[PDB]
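Asker: Take a look at the following structure, please.
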Amino acid sequence: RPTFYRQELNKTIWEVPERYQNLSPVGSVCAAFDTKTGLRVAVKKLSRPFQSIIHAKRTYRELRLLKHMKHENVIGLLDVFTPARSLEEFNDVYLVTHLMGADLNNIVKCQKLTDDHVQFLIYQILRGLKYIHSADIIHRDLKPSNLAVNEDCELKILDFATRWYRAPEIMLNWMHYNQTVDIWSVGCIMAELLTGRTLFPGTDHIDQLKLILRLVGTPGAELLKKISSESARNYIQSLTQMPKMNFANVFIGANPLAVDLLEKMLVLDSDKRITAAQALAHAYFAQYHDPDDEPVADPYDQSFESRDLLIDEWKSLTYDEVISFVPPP
Ligand SMILES: Cc1ccc(NC(=O)c2ccc(CN3CCN(C)CC3)cc2)cc1Nc1nccc(-c2cccnc2)n1
Ligand SMILES: CCCCCCCCO[C@@H]1O[C@H](CO)[C@@H](O)[C@H](O)[C@H]1O
């Protein structure tokens, strides 16, 4: 067991192994210098991990999730620790990842992208997503500030305005969503990268749905067939502004294939939305698409998700996960 040390930061007690030095708060996440490796790291101290049942499950969910992600386009776990010598002391959890230089927002402000940047950047997201999706994990909150990019235009997916990127079925509250909610988002992100501006800058969610509907159009028979509620079906029709544009005239100076890919991602009907795996093979990624370098996830046991347990059991589960962690090489 390493030796620990205490520090008060922006009115909060951080205690970490001395391995991590020079903590400085970026937002409760500090940047720190991992002296084992000389690399800058990010340290998250989970707020009130075991305060309620809901908190306890999320603590656990995030640990499991971080312990599973092992792909170059997705954030991974360097370290997890607790200053606690035992289960009974266990009340803090800290997670460690690579520190990130920039997110997609920063890249946006700082340089105007080549077509070739947009291809390489979206390619990485999709390759990340084919790996998340293959584990039956749905991101749900893809947006530029959750995409980290280094100096070589390499990208990692993480999770820390969200709605600009949300699939419309989420904003119309179905209890059941599939993985292609994440593809809606990728298309919102791509569009932004090519156009320089936000595709649906909605003041509120109904504003969002309106902008969506005038660009992609009102749903086909085939999709109206799948909506059970008359109220829903009426409400949707109730938009209802100046018609399905052109789409292609919103992106006029862009690469014809980019625009084609975007047409297959920004499909109202999530049954018809292109998947990450299919999107990988779309001609717009001809420069990067390598079929033998696009791996899928190991089996991932999320039977815990359906489970309703006591704080202490969630706290115990989380403790086993902490104790059994194996650092990467
Ligand atoms: C230190 C840490 C601990 C945990 C996480 N967690 C995650 O990144 C994550 C990734 C994917 C998911 C996927 N997921 C599936 C289900 N749902 C609903 C969404 C979540 C969730 C959390 C990130 C980090 N890293 C992190 N977080 C925020 C900011 C920074 C950071 C800040 C500044 C400079 N460099 C890095 N670094
Ligand atoms: C206002 C524009 C939004 C129209 C409704 C979005 C259509 C979303 O698509 C729907 O996704 C569901 C969610 O899992 C699936 O069950 C349905 O099969 C699919 O058609």
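Chain identifiers are assigned as A, B, and so on, following the order in which chains appear in the structure tokens; residues are numbered from 1 within each chain, and ligands are numbered from 1 in order of appearance.
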Could you pull out the residues in range 94-193 of chain A that DSSP calls strand (DSSP E) from the backbone, as a PyMOL selection string?
Answerer: chain A and resi 94-98+102-103+147-149+155-157
Asker: Please list as an mmCIF file with N, CA, C and O atoms, in the first residue's frame every residue within 12 Å of residue 208 in chain A, counting only C-alpha atoms and excluding residues in the same chain fewer than 6 positions away.
Answerer:
```cif
data_model
loop_
_atom_site.group_PDB
_atom_site.id
_atom_site.type_symbol
_atom_site.label_atom_id
_atom_site.label_comp_id
_atom_site.auth_asym_id
_atom_site.auth_seq_id
_atom_site.Cartn_x
_atom_site.Cartn_y
_atom_site.Cartn_z
ATOM 1 N N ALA A 161 -23.270 22.672 -25.307
ATOM 2 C CA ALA A 161 -24.564 22.194 -24.762
ATOM 3 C C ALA A 161 -24.971 20.848 -25.331
ATOM 4 O O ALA A 161 -24.933 20.656 -26.557
ATOM 5 N N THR A 162 -25.350 19.933 -24.430
ATOM 6 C CA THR A 162 -25.625 18.530 -24.793
ATOM 7 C C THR A 162 -26.721 18.338 -25.808
ATOM 8 O O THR A 162 -26.574 17.494 -26.687
ATOM 9 N N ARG A 163 -27.802 19.110 -25.681
ATOM 10 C CA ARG A 163 -29.001 18.921 -26.485
ATOM 11 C C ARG A 163 -28.789 19.177 -27.973
ATOM 12 O O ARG A 163 -29.451 18.530 -28.827
ATOM 13 N N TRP A 164 -27.886 20.094 -28.306
ATOM 14 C CA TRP A 164 -27.609 20.362 -29.709
ATOM 15 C C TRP A 164 -27.236 19.070 -30.426
ATOM 16 O O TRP A 164 -27.553 18.906 -31.605
ATOM 17 N N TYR A 165 -26.626 18.139 -29.687
ATOM 18 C CA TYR A 165 -26.166 16.855 -30.251
ATOM 19 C C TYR A 165 -27.091 15.635 -30.023
ATOM 20 O O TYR A 165 -26.855 14.585 -30.622
ATOM 21 N N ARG A 166 -28.147 15.780 -29.197
ATOM 22 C CA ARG A 166 -29.047 14.645 -28.815
ATOM 23 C C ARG A 166 -29.951 14.167 -29.932
ATOM 24 O O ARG A 166 -30.621 14.987 -30.616
ATOM 25 N N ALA A 167 -30.044 12.843 -30.063
ATOM 26 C CA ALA A 167 -30.950 12.231 -31.015
ATOM 27 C C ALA A 167 -32.356 12.730 -30.678
ATOM 28 O O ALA A 167 -32.638 13.059 -29.515
ATOM 29 N N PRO A 168 -33.200 12.933 -31.701
ATOM 30 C CA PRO A 168 -34.529 13.513 -31.407
ATOM 31 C C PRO A 168 -35.425 12.552 -30.602
ATOM 32 O O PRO A 168 -36.237 13.014 -29.813
ATOM 33 N N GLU A 169 -35.257 11.231 -30.764
ATOM 34 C CA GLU A 169 -36.052 10.261 -29.950
ATOM 35 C C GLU A 169 -35.810 10.348 -28.451
ATOM 36 O O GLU A 169 -36.605 9.846 -27.665
ATOM 37 N N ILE A 170 -34.717 10.990 -28.065
ATOM 38 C CA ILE A 170 -34.400 11.153 -26.672
ATOM 39 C C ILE A 170 -35.175 12.363 -26.177
ATOM 40 O O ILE A 170 -35.736 12.375 -25.076
ATOM 41 N N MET A 171 -35.208 13.390 -27.019
ATOM 42 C CA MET A 171 -35.985 14.577 -26.722
ATOM 43 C C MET A 171 -37.523 14.374 -26.815
ATOM 44 O O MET A 171 -38.264 15.195 -26.299
ATOM 45 N N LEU A 172 -37.964 13.289 -27.460
ATOM 46 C CA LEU A 172 -39.370 12.845 -27.423
ATOM 47 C C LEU A 172 -39.560 11.621 -26.505
ATOM 48 O O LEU A 172 -40.462 10.792 -26.695
ATOM 49 N N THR A 198 -22.818 25.416 -35.351
ATOM 50 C CA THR A 198 -23.702 24.400 -34.770
ATOM 51 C C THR A 198 -24.951 24.175 -35.652
ATOM 52 O O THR A 198 -25.695 25.118 -35.935
ATOM 53 N N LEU A 199 -25.158 22.919 -36.064
ATOM 54 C CA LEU A 199 -26.265 22.525 -36.926
ATOM 55 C C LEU A 199 -27.690 22.812 -36.388
ATOM 56 O O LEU A 199 -28.511 23.403 -37.114
ATOM 57 N N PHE A 200 -28.004 22.365 -35.165
ATOM 58 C CA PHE A 200 -29.244 22.779 -34.504
ATOM 59 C C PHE A 200 -28.962 23.578 -33.184
ATOM 60 O O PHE A 200 -28.809 23.006 -32.101
ATOM 61 N N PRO A 201 -28.821 24.909 -33.287
ATOM 62 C CA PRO A 201 -28.641 25.709 -32.069
ATOM 63 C C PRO A 201 -30.004 26.069 -31.460
ATOM 64 O O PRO A 201 -30.563 27.161 -31.710
ATOM 65 N N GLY A 202 -30.550 25.138 -30.689
ATOM 66 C CA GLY A 202 -31.903 25.285 -30.186
ATOM 67 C C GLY A 202 -31.926 25.938 -28.814
ATOM 68 O O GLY A 202 -31.184 25.516 -27.914
ATOM 69 N N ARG A 214 -37.163 20.571 -40.085
ATOM 70 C CA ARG A 214 -37.156 21.309 -41.353
ATOM 71 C C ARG A 214 -35.962 20.952 -42.240
ATOM 72 O O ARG A 214 -36.019 21.118 -43.463
ATOM 73 N N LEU A 215 -34.890 20.474 -41.623
ATOM 74 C CA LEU A 215 -33.736 20.012 -42.370
ATOM 75 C C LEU A 215 -33.912 18.564 -42.844
ATOM 76 O O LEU A 215 -33.675 18.266 -43.996
ATOM 77 N N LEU A 239 -44.930 20.164 -36.443
ATOM 78 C CA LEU A 239 -43.774 20.896 -37.019
ATOM 79 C C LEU A 239 -43.400 20.405 -38.468
ATOM 80 O O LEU A 239 -42.750 19.352 -38.588
#
```
Asker: For the interface of chain A with ligand 1 (cut-off 7 Å, counting only C-alpha atoms and all ligand atoms), please tabulate each contacting residue of chain A alongside its nearest pair of atoms and their separation in Å to one decimal, rows sorted by chain and increasing number, as JSON lines.
Answerer:
```
{"residue": "A:26", "atom": "CA", "partner": "ligand 1", "partner_atom_place_in_ligand_line": "33 (C)", "distance": 5.9}
{"residue": "A:29", "atom": "CA", "partner": "ligand 1", "partner_atom_place_in_ligand_line": "1 (C)", "distance": 6.4}
{"residue": "A:31", "atom": "CA", "partner": "ligand 1", "partner_atom_place_in_ligand_line": "34 (C)", "distance": 6.8}
{"residue": "A:42", "atom": "CA", "partner": "ligand 1", "partner_atom_place_in_ligand_line": "1 (C)", "distance": 4.7}
{"residue": "A:43", "atom": "CA", "partner": "ligand 1", "partner_atom_place_in_ligand_line": "1 (C)", "distance": 4.6}
{"residue": "A:44", "atom": "CA", "partner": "ligand 1", "partner_atom_place_in_ligand_line": "1 (C)", "distance": 4.4}
{"residue": "A:62", "atom": "CA", "partner": "ligand 1", "partner_atom_place_in_ligand_line": "22 (C)", "distance": 6.1}
{"residue": "A:65", "atom": "CA", "partner": "ligand 1", "partner_atom_place_in_ligand_line": "12 (C)", "distance": 6.7}
{"residue": "A:66", "atom": "CA", "partner": "ligand 1", "partner_atom_place_in_ligand_line": "6 (N)", "distance": 6.5}
{"residue": "A:75", "atom": "CA", "partner": "ligand 1", "partner_atom_place_in_ligand_line": "8 (O)", "distance": 5.8}
{"residue": "A:95", "atom": "CA", "partner": "ligand 1", "partner_atom_place_in_ligand_line": "3 (C)", "distance": 5.1}
{"residue": "A:96", "atom": "CA", "partner": "ligand 1", "partner_atom_place_in_ligand_line": "1 (C)", "distance": 4.8}
{"residue": "A:97", "atom": "CA", "partner": "ligand 1", "partner_atom_place_in_ligand_line": "1 (C)", "distance": 4.8}
{"residue": "A:98", "atom": "CA", "partner": "ligand 1", "partner_atom_place_in_ligand_line": "36 (C)", "distance": 6.6}
{"residue": "A:99", "atom": "CA", "partner": "ligand 1", "partner_atom_place_in_ligand_line": "35 (N)", "distance": 3.8}
{"residue": "A:100", "atom": "CA", "partner": "ligand 1", "partner_atom_place_in_ligand_line": "35 (N)", "distance": 3.3}
{"residue": "A:101", "atom": "CA", "partner": "ligand 1", "partner_atom_place_in_ligand_line": "34 (C)", "distance": 5.8}
{"residue": "A:137", "atom": "CA", "partner": "ligand 1", "partner_atom_place_in_ligand_line": "15 (C)", "distance": 5.6}
{"residue": "A:138", "atom": "CA", "partner": "ligand 1", "partner_atom_place_in_ligand_line": "15 (C)", "distance": 5.3}
{"residue": "A:139", "atom": "CA", "partner": "ligand 1", "partner_atom_place_in_ligand_line": "15 (C)", "distance": 4.5}
{"residue": "A:140", "atom": "CA", "partner": "ligand 1", "partner_atom_place_in_ligand_line": "18 (C)", "distance": 5.5}
{"residue": "A:141", "atom": "CA", "partner": "ligand 1", "partner_atom_place_in_ligand_line": "19 (C)", "distance": 6.4}
{"residue": "A:157", "atom": "CA", "partner": "ligand 1", "partner_atom_place_in_ligand_line": "10 (C)", "distance": 6.7}
{"residue": "A:158", "atom": "CA", "partner": "ligand 1", "partner_atom_place_in_ligand_line": "8 (O)", "distance": 3.7}
{"residue": "A:159", "atom": "CA", "partner": "ligand 1", "partner_atom_place_in_ligand_line": "8 (O)", "distance": 3.9}
{"residue": "A:160", "atom": "CA", "partner": "ligand 1", "partner_atom_place_in_ligand_line": "28 (C)", "distance": 4.6}
```
Asker: Now that the selection is made, can you save its residues with C-alpha atoms as a PDB file, in the first residue's frame?
Answerer:
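Everything below was put into part-v1.pdb:
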```
ATOM      1  CA  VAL A  26      -9.150  21.865 -13.910  1.00  0.00           C
ATOM      2  CA  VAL A  29     -10.822  16.853 -11.319  1.00  0.00           C
ATOM      3  CA  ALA A  31      -4.314  17.618 -13.342  1.00  0.00           C
ATOM      4  CA  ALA A  42      -6.190  13.685 -14.694  1.00  0.00           C
ATOM      5  CA  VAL A  43      -7.455  12.691 -11.279  1.00  0.00           C
ATOM      6  CA  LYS A  44     -11.234  12.534 -10.485  1.00  0.00           C
ATOM      7  CA  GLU A  62     -18.354   4.197 -13.692  1.00  0.00           C
ATOM      8  CA  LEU A  65     -17.015   1.028 -17.280  1.00  0.00           C
ATOM      9  CA  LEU A  66     -13.594   2.562 -16.865  1.00  0.00           C
ATOM     10  CA  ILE A  75     -10.563   6.926 -22.504  1.00  0.00           C
ATOM     11  CA  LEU A  95      -9.840   7.574 -10.778  1.00  0.00           C
ATOM     12  CA  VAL A  96      -6.869   8.402 -12.980  1.00  0.00           C
ATOM     13  CA  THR A  97      -6.671   8.926 -16.743  1.00  0.00           C
ATOM     14  CA  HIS A  98      -4.365  10.551 -19.293  1.00  0.00           C
ATOM     15  CA  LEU A  99      -4.455  14.292 -19.163  1.00  0.00           C
ATOM     16  CA  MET A 100      -5.884  15.765 -22.344  1.00  0.00           C
ATOM     17  CA  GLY A 101      -4.428  18.808 -24.173  1.00  0.00           C
ATOM     18  CA  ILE A 137     -22.651   0.434 -24.141  1.00  0.00           C
ATOM     19  CA  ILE A 138     -24.410   3.591 -25.404  1.00  0.00           C
ATOM     20  CA  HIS A 139     -22.535   6.825 -25.033  1.00  0.00           C
ATOM     21  CA  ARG A 140     -25.620   9.128 -25.000  1.00  0.00           C
ATOM     22  CA  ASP A 141     -23.765  12.428 -24.547  1.00  0.00           C
ATOM     23  CA  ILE A 157     -13.971   9.594 -26.359  1.00  0.00           C
ATOM     24  CA  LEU A 158     -14.804  10.484 -22.742  1.00  0.00           C
ATOM     25  CA  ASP A 159     -17.649  11.659 -20.592  1.00  0.00           C
ATOM     26  CA  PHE A 160     -17.388  14.476 -18.056  1.00  0.00           C
TER      27      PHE A 160
END
```
Asker: Can you tell me which residues sit at most 7 Å away from ligand 2, counting only C-alpha atoms and all ligand atoms, written as a VMD selection string?
Answerer: chain A and resid 168 to 169 172 174 176 to 178 209 212 to 213 219 223 226 236 268 to 271
Asker: Using the chain letters and numbers from this document, which residues of range 93-177 of chain A does DSSP assign to alpha helix (DSSP H), as a PyMOL selection string?
Answerer: chain A and resi 104-110+115-134+168-171
Asker: I'd like the neighbourhood of range 299-306 of chain A as a short mmCIF file (atom, residue, chain, number, x, y, z; two decimals) with N, CA, C and O atoms, in the first residue's frame, where a residue qualifies if any of its atoms comes within 8 Å (using only C-alpha atoms), though same-chain residues fewer than 2 positions away should be ignored.
Answerer:
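So result-v5.cif came out as:
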```cif
data_model
loop_
_atom_site.label_atom_id
_atom_site.label_comp_id
_atom_site.auth_asym_id
_atom_site.auth_seq_id
_atom_site.Cartn_x
_atom_site.Cartn_y
_atom_site.Cartn_z
N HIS A 68 -13.30 -1.42 -18.12
CA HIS A 68 -13.48 -2.24 -19.29
C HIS A 68 -12.87 -1.60 -20.54
O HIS A 68 -12.29 -2.29 -21.35
N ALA A 135 -19.75 -3.68 -27.05
CA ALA A 135 -19.98 -4.03 -25.63
C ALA A 135 -21.42 -3.75 -25.12
O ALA A 135 -21.69 -3.83 -23.91
N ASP A 136 -22.31 -3.37 -26.05
CA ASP A 136 -23.65 -2.87 -25.69
C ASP A 136 -23.68 -1.65 -24.78
O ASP A 136 -24.61 -1.48 -23.97
N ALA A 297 -15.12 -4.98 -28.52
CA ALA A 297 -14.89 -5.09 -27.08
C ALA A 297 -14.95 -6.53 -26.65
O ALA A 297 -15.72 -7.30 -27.23
N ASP A 308 -31.43 -4.05 -8.29
CA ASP A 308 -31.78 -3.08 -7.21
C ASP A 308 -31.20 -3.50 -5.82
O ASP A 308 -31.72 -4.40 -5.15
#
```
Asker: Figure out the distance between CA of residue 115 in chain A and CA of residue 287 in chain A, please, to one decimal in Å.
Answerer: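 Result for CA of residue 287 in chain A versus CA of residue 115 in chain A: 11.7 Å, one decimal.
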